[PDB]
């Protein structure tokens, strides 16, 4: 390319190098652009950012987040990663995408700009004639990238002092548990080491090994194994409490307070747009799609996520979403009827499981019931079900029989999906998002059947993901209009922040947008709550 002075013309492809992967924490080390057989290298990149009307190129959203951080409204536009990810969602990194579609991801901004240009042309060519994938690019993924950049740049408020205090209390309880464990073992050891614990439980103590680990075949110390051993020895209950507390302390209570950004005073995640096989987003650096919610201590942690003063959180979560999606994709009349009658399948399973009235079903039970309902649907075995339910094998076996007897056209959808995946090599969502599953023809049964479970899950999980993305794209400009903010997506949930005076209106509008995003054979229902913290906002 011809070396041309900086500034590039309109529509040029950007390249940029960050000092580290996280755009909210990164120093912009270099910036360049490519168009019309020229390359333009920015003499000073922060200043040079001011010249661009959009970020067009590889990882466009990341540059846009750093721009937003610096007070500049630079929206992301075309990104070859999104084209590649729609072609094949195993296209997840610029290293891989470059190698596959015509270059090399280097560490030089000029080379990255030139690469972006050339990759876009090839990938755009691969998508010509792919009308449904192009519809996904233009109507969902490209506009969603802009939404995501705003969400990342906005961040979420965290009660840092509360978490610091919680740490000190949790440390004391951890000590009580670990001391009792060591007393019961007859000696101290590293309780965080599963290899050391294995020897203690199965060798030194008498306890029967329940199962084995996948890759190296050690005697497992998983929570499921330990639950089976609850009655066998008092040390087990202590280990399980220790595990809960140390998990929560090391993953959330301790790290999150140290991640507050000094310019915003907020916590800033990354919403990774080309990271999953099904078309879900992911969240990292810190992952805010797995904040605790289930146990009393987990709930305590979730309360640290709070609204700005003068604002409220609004949390919206699709009701029974993959079951509704399944009703649409399958066309089962009974399943469709269930949702037209306004019934809740999780609550029903929960009521049946724990033998209490529907009004007695608590959140723990509902989560237990979710495991059963999705478990059975996506191919859980009777043996595992026995344990989950804590009933005889023969009864757990019969539960699966009835499930599919009740909803007869699901199995037919499963089988059509699978043969189509064998013939075509891929499966697809309602909108035509594709996942290639080659091991559907594998001759090792365990490998083939694993592949099958991956393959027929994807149209359901992926259609839910497409719906939620679409709703995000539609909703974002309405929030801007009302002075509200989109903060988090958690797969079928959004967390917004709204001024107190407009919070009720924002909740109503966001609920309607999510519910009417793309009408199906059944209604989509959305549960909405408002509160000062994330826990209270889902109450």
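So that the term is clear: the rigid core is the largest set of C-alpha atoms that superpose within 1.5 Å between two forms. Residue numbers count along the first chain shown, from 1.
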Checklist entry - Of the stretches 348-356 and 254-262, which sits farther from where it is here in 8 other deposited structures of this protein, on average over its Cα atoms, after fitting the core? => result 348-356
Checklist entry - Core-aligned, which moves more in 8 other deposited structures of this protein: 238-246 or 410-418, by CA RMS? => result 238-246
Item to check | Entry-level comparison of average CA B-factors, 357-365 and 140-148, reporting the higher stretch | outcome: 357-365
Checklist entry - Can you tell me which stretch has the higher mean Cα B-factor, 310-318 or 202-210? => result 202-210
Item to check | Of the residues 195, 180, 254, 104, the one carrying the largest Cα B-factor as recorded | outcome: 180
Checklist entry - Per the coordinate record, which of the options 380, 288, 160, 109 holds the highest CA temperature factor? => result 380
Checklist outcome for this item: On the chain's distribution of Cα B-factors, residue 50 falls within the third called highest
Next on the checklist: Which third, lowest, middle or highest, does the C-alpha temperature factor of residue 519 belong to within its own chain?
Outcome noted: middle
Item to check | Chain thirds of CA B-factor: placement of residue 485 | outcome: lowest
Checklist entry - How does residue 271 rank on Cα B-factor within its chain, lowest, middle or highest third? => result lowest
Next on the checklist: Which third, lowest, middle or highest, does the C-alpha temperature factor of residue 405 belong to within its own chain?
Outcome noted: highest
